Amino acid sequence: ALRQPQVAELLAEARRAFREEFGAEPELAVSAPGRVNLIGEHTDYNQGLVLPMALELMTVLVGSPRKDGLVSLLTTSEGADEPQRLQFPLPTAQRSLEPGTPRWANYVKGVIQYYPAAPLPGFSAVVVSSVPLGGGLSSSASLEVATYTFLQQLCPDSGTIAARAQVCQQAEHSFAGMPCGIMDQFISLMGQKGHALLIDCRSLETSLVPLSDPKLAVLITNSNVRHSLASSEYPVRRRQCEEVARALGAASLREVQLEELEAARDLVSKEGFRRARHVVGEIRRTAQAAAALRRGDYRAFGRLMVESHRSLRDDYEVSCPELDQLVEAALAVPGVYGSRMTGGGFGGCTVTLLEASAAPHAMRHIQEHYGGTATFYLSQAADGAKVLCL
């Protein structure tokens, strides 16, 4: 399992790079984590239920206010596209920022563009990250939330945490061209160490669910693949879900149950019906999973994870031979409660819930039974966005 750097080490890397780059020590430091979704896939934009936890993998951003209305950025992240630096002036009423190259700067630009408070000053900042870029653990959401958290120090907003997630979400939409739901940004903002986070994506109610057992661990396996469908088929699923809700007279698939869906089978397409069945079933399973998690019922939680994956594979069709093979290998290992693809699909990571003692045995077997090269993360539930004054 990859070492996973602590905050103090990333902070120190960011600090040193900043000092060398701008000639002075930075004044502020913030962090925001990536995520793994335990269960509740492709429900968040359907106003469903999700149960993610924040990872120890995080994006760290150190910086200082400037007096010239200029923004100057540097990243050291492996995988970031060239150039590693970018400067631009703050947006104004007559001229707004715009997505372009380098791509990693669009996330930062986006948050700045839709930041709700004023006056925002210019600033200098160094970005570092332990979240694998585009690997399926929401590196971008961590970048957006870290950026938002940073801007709060420069110019405190005065709204809810949901308003913040939605700003970060808007950046992902408008500047990264990924019309994501609210989950990634919300868990990045609101995670707590030792807890998973049940999010009702209709009411925006959230609930901290304990998940801290020495005999229990969460194994994240990176397939290290990412089919182009991960980007292009995502928005298609949102339209297909919308089109099914429209035909049933429902505001969203949250208002629809399997039986109501059964009765209206001749009212939607075969493919649409399969899409809606996953969602409806997944929303149910996430409520069951949350309950199972509370009373410490790990075996039931695991089984519910396996149903989630089968549903994602057969009805919503957002899996791939890589993820499937990773899941099958995982379920063959003694001590494994459950396994499923996590995140958007078509590559990325799987999440596996197992007895802590089985993690070494599960890593060897999964790797040997995998045709590509898997990467492994053994993660505990971590905190959300934080701030440290330097």
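Residue indices: 1-based, along the sequence shown. Rigid core here is just the name for the largest C-alpha set that superposes within 1.5 Å across the two forms.
Between 261-269 and 277-285, which one strays more from this form in 7 other deposited structures of this protein if you match the rigid core and compare Cα atoms?
Relative to the shown form, the greater RMS C-alpha distance in 7 other deposited structures of this protein belongs to 261-269.
Would you mind working out which of 75-83 and 144-152 sits farther from this form in 7 other deposited structures of this protein by RMS C-alpha distance, with the rigid core as the fit?
The stretch that sits farther from the shown form in 7 other deposited structures of this protein is 75-83.
Please compare 147-155 with 90-98 and say which has the higher mean C-alpha temperature factor in the record.
It is 90-98.
Comparing 365-373 with 21-29, where is the mean C-alpha B-factor higher?
The stretch with the larger average C-alpha B-factor is 365-373.
In terms of CA temperature factor as recorded, identify the highest of 196, 201, 190, 267.
So the option with the highest C-alpha B-factor is 267.
Among 181, 281, 272, 110, which carries the highest Cα B-factor?
Highest CA B-factor of the listed options: 272.
Please say which third, lowest, middle or highest, residue 347 falls into when its CA temperature factor is compared across its chain.
Middle third - that is where residue 347 ends up once the chain's C-alpha B-factors are sorted.
If you rank every modelled residue in this chain by C-alpha B factor, which third holds residue 76: lowest, middle or highest?
Within its chain, residue 76 is a highest-third residue by C-alpha B-factor, going by the deposited values.
Splitting the chain's C-alpha B-factors into thirds, which one does residue 302 fall into?
For residue 302, whose C-alpha B-factor we compare with every modelled residue in the chain, the answer is the middle third.
Taking the chain's C-alpha temperature factors as the reference, tell me which third residue 67 falls into: lowest, middle or highest.
According to the entry, residue 67 has a C-alpha B-factor in the chain's highest third.
Comparing against every modelled residue in the chain, figure out the third that the C-alpha B-factor of residue 277 lands in (lowest, middle or highest).
Its C-alpha B-factor, which the entry lists for residue 277, ranks in the middle third among residues of this chain.
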